[PDB]
file upload-v4.pdb (PDB, C-alpha atoms (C1' of nucleotides))
ATOM      1  CA  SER A 697      18.104 -37.217   2.278
ATOM      2  CA  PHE A 698      15.707 -40.072   3.255
ATOM      3  CA  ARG A 699      12.881 -38.557   1.123
ATOM      4  CA  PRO A 700      11.364 -40.685  -1.717
ATOM      5  CA  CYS A 701      11.604 -37.942  -4.380
ATOM      6  CA  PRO A 702      14.490 -35.538  -3.634
ATOM      7  CA  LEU A 703      13.371 -31.893  -3.659
ATOM      8  CA  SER A 704      15.225 -29.648  -6.148
ATOM      9  CA  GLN A 705      14.980 -26.248  -4.426
ATOM     10  CA  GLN A 706      14.939 -23.096  -6.577
ATOM     11  CA  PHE A 707      14.550 -19.316  -6.095
ATOM     12  CA  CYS A 708      13.682 -16.651  -8.669
ATOM     13  CA  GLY A 709      14.888 -13.545  -6.775
ATOM     14  CA  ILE A 710      12.976 -10.508  -8.106
ATOM     15  CA  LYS A 711      15.016  -7.254  -8.206
ATOM     16  CA  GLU A 712      12.070  -4.899  -9.021
ATOM     17  CA  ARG A 713      10.381  -2.705  -6.378
ATOM     18  CA  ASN A 714       7.168  -1.059  -7.668
ATOM     19  CA  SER A 715       4.121  -3.385  -7.588
ATOM     20  CA  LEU A 716       2.890  -2.875 -11.191
ATOM     21  CA  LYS A 717       6.237  -3.836 -12.725
ATOM     22  CA  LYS A 718       7.113  -6.345 -10.011
ATOM     23  CA  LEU A 719       3.930  -8.347 -10.546
ATOM     24  CA  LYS A 720       4.529  -8.387 -14.299
ATOM     25  CA  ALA A 721       8.081  -9.622 -13.753
ATOM     26  CA  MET A 722       6.815 -12.381 -11.470
ATOM     27  CA  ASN A 723       4.261 -13.426 -14.077
ATOM     28  CA  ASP A 724       6.966 -13.536 -16.744
ATOM     29  CA  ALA A 725       9.154 -15.678 -14.496
ATOM     30  CA  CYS A 726       6.261 -18.062 -13.880
ATOM     31  CA  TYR A 727       5.626 -18.328 -17.615
ATOM     32  CA  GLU A 728       9.296 -19.084 -18.231
ATOM     33  CA  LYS A 729       9.248 -21.787 -15.562
ATOM     34  CA  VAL A 730       6.075 -23.281 -17.024
ATOM     35  CA  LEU A 731       7.568 -23.233 -20.521
ATOM     36  CA  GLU A 732      10.675 -25.022 -19.249
ATOM     37  CA  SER A 733       8.516 -27.641 -17.544
ATOM     38  CA  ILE A 734       5.665 -28.533 -19.957
ATOM     39  CA  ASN A 735       8.094 -29.363 -22.803
ATOM     40  CA  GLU A 736       9.410 -32.242 -20.609
ATOM     41  CA  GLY A 737       5.852 -33.545 -19.913
ATOM     42  CA  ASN A 738       5.691 -31.994 -16.435
ATOM     43  CA  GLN A 739       2.398 -31.592 -14.539
ATOM     44  CA  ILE A 740       2.676 -28.396 -12.482
ATOM     45  CA  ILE A 741       1.205 -26.475  -9.481
ATOM     46  CA  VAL A 742       1.366 -22.667  -8.981
ATOM     47  CA  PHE A 743       0.620 -21.522  -5.406
ATOM     48  CA  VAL A 744      -0.483 -17.916  -4.783
ATOM     49  CA  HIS A 745      -1.512 -15.676  -1.847
ATOM     50  CA  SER A 746      -5.230 -15.146  -2.345
ATOM     51  CA  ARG A 747      -8.347 -16.641  -3.920
ATOM     52  CA  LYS A 748      -9.094 -13.782  -6.326
ATOM     53  CA  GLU A 749      -5.454 -13.875  -7.511
ATOM     54  CA  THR A 750      -5.670 -17.434  -8.810
ATOM     55  CA  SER A 751      -8.319 -16.909 -11.484
ATOM     56  CA  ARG A 752      -6.546 -13.802 -12.767
ATOM     57  CA  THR A 753      -3.251 -15.700 -12.914
ATOM     58  CA  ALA A 754      -4.934 -18.486 -14.871
ATOM     59  CA  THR A 755      -6.399 -15.948 -17.291
ATOM     60  CA  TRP A 756      -2.971 -14.376 -17.774
ATOM     61  CA  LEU A 757      -1.459 -17.791 -18.466
ATOM     62  CA  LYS A 758      -4.177 -18.515 -21.022
ATOM     63  CA  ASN A 759      -3.487 -15.227 -22.853
ATOM     64  CA  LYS A 760       0.307 -15.856 -22.929
ATOM     65  CA  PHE A 761       0.528 -19.471 -24.217
ATOM     66  CA  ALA A 762      -2.110 -19.056 -26.983
ATOM     67  CA  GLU A 763       0.119 -16.463 -28.723
ATOM     68  CA  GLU A 764       3.135 -18.803 -28.915
ATOM     69  CA  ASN A 765       1.712 -22.365 -28.842
ATOM     70  CA  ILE A 766      -1.737 -23.686 -27.855
ATOM     71  CA  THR A 767      -0.750 -27.223 -28.978
ATOM     72  CA  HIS A 768       1.733 -28.394 -26.277
ATOM     73  CA  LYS A 769      -0.930 -28.452 -23.492
ATOM     74  CA  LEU A 770      -3.715 -30.153 -25.579
ATOM     75  CA  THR A 771      -1.238 -32.276 -27.654
ATOM     76  CA  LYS A 772      -3.349 -35.478 -27.816
ATOM     77  CA  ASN A 773      -5.732 -36.122 -30.757
ATOM     78  CA  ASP A 774      -8.757 -36.087 -28.392
ATOM     79  CA  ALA A 775     -11.400 -38.562 -29.586
ATOM     80  CA  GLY A 776     -11.981 -40.016 -26.105
ATOM     81  CA  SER A 777     -10.111 -37.244 -24.293
ATOM     82  CA  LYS A 778     -12.398 -34.636 -25.849
ATOM     83  CA  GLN A 779     -15.451 -36.632 -24.784
ATOM     84  CA  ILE A 780     -14.093 -36.884 -21.243
ATOM     85  CA  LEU A 781     -13.517 -33.126 -21.163
ATOM     86  CA  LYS A 782     -17.069 -32.516 -22.367
ATOM     87  CA  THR A 783     -18.419 -34.810 -19.658
ATOM     88  CA  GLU A 784     -16.444 -33.059 -16.878
ATOM     89  CA  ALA A 785     -16.553 -29.365 -18.037
ATOM     90  CA  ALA A 786     -20.083 -27.888 -18.163
ATOM     91  CA  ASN A 787     -21.866 -29.828 -15.355
ATOM     92  CA  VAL A 788     -21.887 -27.363 -12.373
ATOM     93  CA  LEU A 789     -18.696 -25.271 -12.907
ATOM     94  CA  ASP A 790     -20.178 -21.869 -12.000
ATOM     95  CA  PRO A 791     -17.400 -19.282 -11.145
ATOM     96  CA  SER A 792     -16.391 -18.481 -14.795
ATOM     97  CA  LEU A 793     -13.481 -20.890 -14.121
ATOM     98  CA  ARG A 794     -14.905 -23.386 -16.649
ATOM     99  CA  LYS A 795     -13.093 -21.550 -19.446
ATOM    100  CA  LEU A 796      -9.800 -22.087 -17.623
ATOM    101  CA  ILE A 797     -10.581 -25.785 -17.233
ATOM    102  CA  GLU A 798     -11.391 -26.040 -20.938
ATOM    103  CA  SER A 799      -8.100 -24.348 -21.807
ATOM    104  CA  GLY A 800      -6.241 -26.858 -19.586
ATOM    105  CA  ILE A 801      -4.587 -24.708 -16.864
ATOM    106  CA  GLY A 802      -7.258 -24.698 -14.139
ATOM    107  CA  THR A 803      -7.475 -23.897 -10.441
ATOM    108  CA  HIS A 804      -8.602 -25.067  -6.989
ATOM    109  CA  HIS A 805      -9.290 -22.749  -4.036
ATOM    110  CA  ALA A 806     -11.503 -22.169  -0.997
ATOM    111  CA  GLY A 807     -14.404 -20.537  -2.836
ATOM    112  CA  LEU A 808     -14.753 -23.228  -5.516
ATOM    113  CA  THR A 809     -17.766 -25.582  -5.135
ATOM    114  CA  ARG A 810     -17.300 -28.854  -3.213
ATOM    115  CA  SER A 811     -18.265 -30.795  -6.339
ATOM    116  CA  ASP A 812     -16.230 -28.480  -8.562
ATOM    117  CA  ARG A 813     -13.220 -28.691  -6.255
ATOM    118  CA  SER A 814     -13.479 -32.488  -6.209
ATOM    119  CA  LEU A 815     -13.594 -32.534 -10.008
ATOM    120  CA  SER A 816     -10.519 -30.310 -10.159
ATOM    121  CA  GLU A 817      -8.691 -32.628  -7.766
ATOM    122  CA  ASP A 818      -9.589 -35.672  -9.933
ATOM    123  CA  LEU A 819      -8.913 -33.872 -13.286
ATOM    124  CA  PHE A 820      -5.252 -34.115 -12.221
ATOM    125  CA  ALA A 821      -5.530 -37.673 -10.805
ATOM    126  CA  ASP A 822      -7.323 -39.174 -13.865
ATOM    127  CA  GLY A 823      -4.405 -37.763 -15.930
ATOM    128  CA  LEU A 824      -5.333 -34.646 -17.928
ATOM    129  CA  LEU A 825      -4.747 -31.281 -16.142
ATOM    130  CA  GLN A 826      -1.321 -29.801 -17.023
ATOM    131  CA  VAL A 827      -1.135 -26.587 -14.945
ATOM    132  CA  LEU A 828      -2.897 -26.050 -11.620
ATOM    133  CA  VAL A 829      -3.127 -22.557 -10.068
ATOM    134  CA  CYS A 830      -3.736 -22.902  -6.320
ATOM    135  CA  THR A 831      -4.242 -21.237  -2.976
ATOM    136  CA  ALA A 832      -2.636 -22.797   0.145
ATOM    137  CA  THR A 833      -5.511 -25.283   0.799
ATOM    138  CA  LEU A 834      -4.103 -28.129  -1.274
ATOM    139  CA  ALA A 835      -0.791 -28.293   0.570
ATOM    140  CA  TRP A 836      -2.520 -28.466   3.939
ATOM    141  CA  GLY A 837      -5.170 -30.992   2.943
ATOM    142  CA  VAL A 838      -4.712 -33.259  -0.021
ATOM    143  CA  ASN A 839      -1.864 -35.742  -0.637
ATOM    144  CA  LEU A 840      -1.897 -35.404  -4.491
ATOM    145  CA  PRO A 841       1.673 -34.491  -5.549
ATOM    146  CA  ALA A 842       2.515 -32.722  -8.835
ATOM    147  CA  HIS A 843       6.143 -32.797 -10.093
ATOM    148  CA  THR A 844       6.676 -29.006 -10.449
ATOM    149  CA  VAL A 845       5.600 -26.710  -7.564
ATOM    150  CA  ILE A 846       5.981 -22.921  -7.895
ATOM    151  CA  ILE A 847       5.209 -20.612  -4.927
ATOM    152  CA  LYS A 848       4.237 -17.162  -6.241
ATOM    153  CA  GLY A 849       5.022 -14.357  -3.805
ATOM    154  CA  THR A 850       6.085 -13.622  -0.232
ATOM    155  CA  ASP A 851       3.504 -11.211   1.216
ATOM    156  CA  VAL A 852       0.482 -12.999   2.715
ATOM    157  CA  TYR A 853      -2.109 -10.956   4.627
ATOM    158  CA  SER A 854      -2.892 -12.311   8.110
ATOM    159  CA  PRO A 855      -5.853 -10.823  10.070
ATOM    160  CA  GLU A 856      -3.849 -11.918  13.179
ATOM    161  CA  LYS A 857      -1.674  -8.818  12.702
ATOM    162  CA  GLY A 858      -3.679  -6.860  10.129
ATOM    163  CA  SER A 859      -0.589  -6.549   7.922
ATOM    164  CA  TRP A 860       1.216  -8.184   4.967
ATOM    165  CA  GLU A 861       3.653 -10.689   6.547
ATOM    166  CA  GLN A 862       6.194 -12.912   4.760
ATOM    167  CA  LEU A 863       5.304 -16.544   4.012
ATOM    168  CA  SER A 864       5.672 -18.409   7.319
ATOM    169  CA  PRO A 865       8.247 -21.316   7.235
ATOM    170  CA  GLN A 866       5.760 -23.975   8.466
ATOM    171  CA  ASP A 867       3.443 -23.332   5.478
ATOM    172  CA  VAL A 868       6.228 -23.009   2.911
ATOM    173  CA  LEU A 869       7.687 -26.369   3.923
ATOM    174  CA  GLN A 870       4.258 -27.986   3.658
ATOM    175  CA  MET A 871       3.789 -26.499   0.190
ATOM    176  CA  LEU A 872       7.188 -27.821  -0.879
ATOM    177  CA  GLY A 873       6.289 -31.276   0.420
ATOM    178  CA  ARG A 874       3.931 -31.885  -2.503
ATOM    179  CA  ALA A 875       6.254 -32.221  -5.515
ATOM    180  CA  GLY A 876       7.532 -35.221  -7.587
ATOM    181  CA  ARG A 877       5.264 -38.215  -7.041
ATOM    182  CA  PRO A 878       6.908 -40.809  -4.691
ATOM    183  CA  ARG A 879       5.047 -43.617  -6.511
ATOM    184  CA  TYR A 880       5.651 -42.695 -10.185
ATOM    185  CA  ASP A 881       8.258 -39.963 -10.854
ATOM    186  CA  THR A 882      11.938 -39.828  -9.800
ATOM    187  CA  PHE A 883      12.408 -36.318  -8.284
ATOM    188  CA  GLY A 884      10.698 -32.958  -7.557
ATOM    189  CA  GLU A 885      10.949 -29.380  -8.903
ATOM    190  CA  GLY A 886      10.463 -26.853  -6.054
ATOM    191  CA  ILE A 887      10.415 -23.143  -6.999
ATOM    192  CA  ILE A 888       9.860 -19.970  -4.948
ATOM    193  CA  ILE A 889       9.014 -16.808  -6.917
ATOM    194  CA  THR A 890       9.980 -14.061  -4.423
ATOM    195  CA  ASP A 891      11.526 -10.638  -3.681
ATOM    196  CA  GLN A 892      15.370 -10.838  -3.710
ATOM    197  CA  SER A 893      15.835  -9.172  -0.289
ATOM    198  CA  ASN A 894      13.842 -11.828   1.585
ATOM    199  CA  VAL A 895      15.508 -14.790  -0.221
ATOM    200  CA  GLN A 896      18.432 -14.650   2.287
ATOM    201  CA  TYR A 897      15.837 -15.250   5.011
ATOM    202  CA  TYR A 898      13.983 -17.897   2.955
ATOM    203  CA  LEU A 899      17.100 -19.942   2.218
ATOM    204  CA  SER A 900      17.639 -20.662   5.906
ATOM    205  CA  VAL A 901      13.990 -21.651   6.304
ATOM    206  CA  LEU A 902      14.266 -23.990   3.322
ATOM    207  CA  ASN A 903      17.253 -25.735   5.021
ATOM    208  CA  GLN A 904      14.854 -26.511   7.973
ATOM    209  CA  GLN A 905      16.702 -24.238  10.416
ATOM    210  CA  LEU A 906      13.881 -22.374  12.226
ATOM    211  CA  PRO A 907      12.581 -24.814  14.897
ATOM    212  CA  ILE A 908       9.159 -25.463  16.457
ATOM    213  CA  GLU A 909       8.756 -22.347  18.658
ATOM    214  CA  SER A 910       5.782 -22.404  21.051
ATOM    215  CA  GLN A 911       2.715 -20.161  20.676
ATOM    216  CA  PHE A 912       1.044 -21.206  23.962
ATOM    217  CA  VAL A 913       0.922 -17.597  25.309
ATOM    218  CA  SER A 914      -2.391 -16.841  23.513
ATOM    219  CA  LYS A 915      -4.097 -20.232  24.130
ATOM    220  CA  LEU A 916      -2.880 -20.641  27.768
ATOM    221  CA  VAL A 917      -5.781 -18.957  29.545
ATOM    222  CA  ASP A 918      -8.609 -20.913  27.929
ATOM    223  CA  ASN A 919      -6.759 -24.179  28.541
ATOM    224  CA  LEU A 920      -6.242 -23.239  32.187
ATOM    225  CA  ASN A 921      -9.942 -22.445  32.541
ATOM    226  CA  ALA A 922     -10.849 -25.800  31.003
ATOM    227  CA  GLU A 923      -8.516 -27.581  33.416
ATOM    228  CA  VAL A 924     -10.092 -25.753  36.351
ATOM    229  CA  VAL A 925     -13.559 -26.749  35.151
ATOM    230  CA  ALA A 926     -12.453 -30.374  34.876
ATOM    231  CA  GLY A 927     -11.537 -30.056  38.578
TER     232      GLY A 927
ATOM    233  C1'   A B   1      65.629  10.943  -7.418
ATOM    234  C1'   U B   2      62.928  16.278  -7.708
ATOM    235  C1'   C B   3      60.263  20.038 -11.252
ATOM    236  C1'   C B   4      58.157  21.232 -15.819
ATOM    237  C1'   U B   5      56.379  20.814 -21.622
ATOM    238  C1'   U B   6      53.700  18.481 -25.171
ATOM    239  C1'   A B   7      50.393  14.485 -26.836
ATOM    240  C1'   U B   8      47.604  10.875 -25.572
ATOM    241  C1'   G B   9      44.989   7.181 -22.485
ATOM    242  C1'   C B  10      42.141   6.548 -17.644
ATOM    243  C1'   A B  11      39.613   8.938 -14.306
ATOM    244  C1'   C B  12      37.986  12.697  -9.923
ATOM    245  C1'   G B  13      35.964  17.423 -10.203
ATOM    246  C1'   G B  14      33.572  21.944 -12.755
ATOM    247  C1'   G B  15      31.155  23.703 -16.817
ATOM    248  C1'   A B  16      28.631  24.476 -21.993
ATOM    249  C1'   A B  17      26.060  21.896 -26.170
ATOM    250  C1'   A B  18      22.960  18.430 -28.272
ATOM    251  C1'   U B  19      20.478  22.896 -34.647
ATOM    252  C1'   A B  20      24.240  18.618 -32.738
ATOM    253  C1'   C B  21      26.537  14.306 -33.206
ATOM    254  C1'   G B  22      27.749  10.207 -36.138
ATOM    255  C1'   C B  23      28.152   6.370 -40.062
ATOM    256  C1'   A B  24      29.630   5.269 -45.287
ATOM    257  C1'   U B  25      32.498  -1.093 -50.330
ATOM    258  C1'   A B  26      30.971   6.443 -52.064
ATOM    259  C1'   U B  27      33.735  11.007 -55.109
ATOM    260  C1'   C B  28      37.883  14.143 -54.171
ATOM    261  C1'   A B  29      41.555  15.941 -51.105
ATOM    262  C1'   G B  30      49.141  18.823 -47.744
ATOM    263  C1'   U B  31      51.310  15.684 -55.716
ATOM    264  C1'   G B  32      46.405  21.327 -51.934
ATOM    265  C1'   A B  33      40.533  20.711 -49.198
ATOM    266  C1'   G B  34      38.317  25.142 -47.963
ATOM    267  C1'   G B  35      39.266  29.900 -47.151
ATOM    268  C1'   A B  36      41.444  34.877 -46.136
ATOM    269  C1'   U B  37      43.912  40.119 -49.141
ATOM    270  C1'   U B  38      45.749  46.200 -47.285
ATOM    271  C1'   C B  39      46.305  42.680 -53.989
ATOM    272  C1'   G B  40      52.185  42.559 -52.644
ATOM    273  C1'   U B  41      50.179  38.332 -50.459
ATOM    274  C1'   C B  42      48.353  35.248 -46.298
ATOM    275  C1'   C B  43      46.208  31.079 -43.645
ATOM    276  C1'   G B  44      46.471  25.798 -44.418
ATOM    277  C1'   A B  45      42.563  21.007 -43.545
ATOM    278  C1'   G B  46      38.604  19.183 -44.802
ATOM    279  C1'   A B  47      35.198  19.317 -48.798
ATOM    280  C1'   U B  48      31.511  16.993 -51.833
ATOM    281  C1'   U B  49      27.736  13.265 -51.987
ATOM    282  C1'   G B  50      24.567   9.827 -49.527
ATOM    283  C1'   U B  51      22.521   9.033 -45.269
ATOM    284  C1'   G B  52      20.930   7.663 -39.340
ATOM    285  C1'   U B  53      19.061   9.730 -35.329
ATOM    286  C1'   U B  54      18.476  14.734 -34.037
ATOM    287  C1'   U B  55      11.795  19.392 -29.269
ATOM    288  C1'   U B  56      16.600  13.913 -27.912
ATOM    289  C1'   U B  57      19.591   7.196 -26.240
ATOM    290  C1'   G B  58      19.743   4.155 -21.725
ATOM    291  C1'   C B  59      18.184   3.591 -17.070
ATOM    292  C1'   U B  60      15.816   4.702 -11.999
ATOM    293  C1'   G B  61      12.219   7.020  -8.377
ATOM    294  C1'   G B  62       7.688   9.134  -6.682
ATOM    295  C1'   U B  63       2.709  10.645  -6.655
ATOM    296  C1'   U B  64      -1.061   9.068  -8.466
ATOM    297  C1'   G B  65      -4.815   7.374 -10.876
ATOM    298  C1'   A B  66      -6.076   2.527 -13.146
ATOM    299  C1'   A B  67     -10.367   0.979  -9.086
ATOM    300  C1'   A B  68      -5.712   0.061  -6.780
ATOM    301  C1'   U B  69      -7.887  -6.360  -4.094
ATOM    302  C1'   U B  70      -6.359  -9.727   1.721
ATOM    303  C1'   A B  71      -4.053 -16.851   3.055
ATOM    304  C1'   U B  72      -6.693 -22.242   6.096
ATOM    305  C1'   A B  73      -9.564 -24.140   9.351
ATOM    306  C1'   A B  74     -11.096 -27.503  13.893
ATOM    307  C1'   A B  75     -14.580 -27.282  17.497
TER     308        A B  75
END
call {"tool": "encode", "arguments": {"input": "upload-v4.pdb", "output": "structure tokens"}}
result
Amino acid sequence: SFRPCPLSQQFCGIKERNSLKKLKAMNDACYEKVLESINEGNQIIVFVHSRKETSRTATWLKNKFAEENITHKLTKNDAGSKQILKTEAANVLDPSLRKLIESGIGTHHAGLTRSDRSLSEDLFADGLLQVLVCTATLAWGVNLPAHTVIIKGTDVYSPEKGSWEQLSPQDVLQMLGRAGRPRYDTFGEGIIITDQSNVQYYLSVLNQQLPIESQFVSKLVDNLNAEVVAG
RNA sequence: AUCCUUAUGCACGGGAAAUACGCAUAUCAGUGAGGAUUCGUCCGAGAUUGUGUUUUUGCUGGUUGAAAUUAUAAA
């Protein structure tokens, strides 16, 4: 309640089961959300699980909007804007992500060049990038908020277990944190695209119910050793 | 109040069939449709036309393949 921009929480709640349909459904939902947003002049972030996912998502987005309307994302006349784009498009953008950037729905992830990543970060800040597909780096690191924040999916793979776990509350909260800009905009759009069964669990997490539970059992021994060494 | 008959409506349940099942600004039709016949008579409700699907509508599930793919980060 004491937050600068109040966070409008939202869940999709996917009913589908099989992964080929489910994914499609999720994509559709995302598109719908994006459509709802961009018409209001809303700059938007789409979190995903993995690095490889992001680019594909971006590609999908590109193929969907061009059928209906290319114009709403590049609306400006672009005499100076175009020039700017030219300047900051084909410098060192290697990963075949340059096309995405050109389109105007780019991405930032661990596995994009330090220069490239920086550019991506600033291509929002300067005031041009509409949509931003993202891994969970941005939430952890960078302060840059972006009105609409969609979290695509539940199942992250952790090598800790060696299994597809649900999105952990501590990360989800962090992700949600970046939203409507405290300085400029009034409020924030927070969306979770998810499986319907795990929403019941997620709702509680969203209300900040699950506390700080200690994980000192793994890191105890080393600490103890260090202490001993210290004398 | 108890038991039954008929029709219907809603359903459990069990079957068969979809070569069937509709629809119509149509034409006609118990003031006769279409049929029987031992030829005396008898049954009595659709027919014509047009047309929409019709080896099938709607949904689910699996195996598969398809190639099915794993977050960040400090020392």
call {"tool": "resolve_selection", "arguments": {"input": "upload-v4.pdb", "expression": "the PyMOL selection byres ((chain B) within 10 of (chain A))", "output": "VMD selection string"}}
result
chain B and resid 61 69 to 73
call {"tool": "resolve_selection", "arguments": {"input": "upload-v4.pdb", "expression": "the PyMOL selection byres ((chain A and resi 786-798) around 12)", "output": "number ranges by chain"}}
result
A: 747-748, 750-759, 769-770, 777-785, 799-805, 807-817, 819-820, 824-829
call {"tool": "atom_distance", "arguments": {"input": "upload-v4.pdb", "atom1": "atom CA of residue A:768", "atom2": "atom CA of residue A:724"}}
result
18.4 Å
call {"tool": "residues_around", "arguments": {"input": "upload-v4.pdb", "residues": "residue B:51", "least_positions_apart": "2", "cutoff": "10 Å", "atoms": "only C-alpha atoms (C1' of nucleotides)", "output": "PDB file with C-alpha atoms (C1' of nucleotides), in the coordinates of the input"}}
result
ATOM      1  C1'   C B  23      28.152   6.370 -40.062  1.00  0.00           C
ATOM      2  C1'   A B  24      29.630   5.269 -45.287  1.00  0.00           C
ATOM      3  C1'   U B  49      27.736  13.265 -51.987  1.00  0.00           C
TER       4        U B  49
END
call {"tool": "residues_near_point", "arguments": {"input": "upload-v4.pdb", "point": "(2.8, -23.5, -14.4)", "cutoff": "9 Å", "atoms": "only C-alpha atoms (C1' of nucleotides)", "output": "ChimeraX atom specification"}}
result
/A:726-731,733-734,739-742,757,801,826-829,844-846
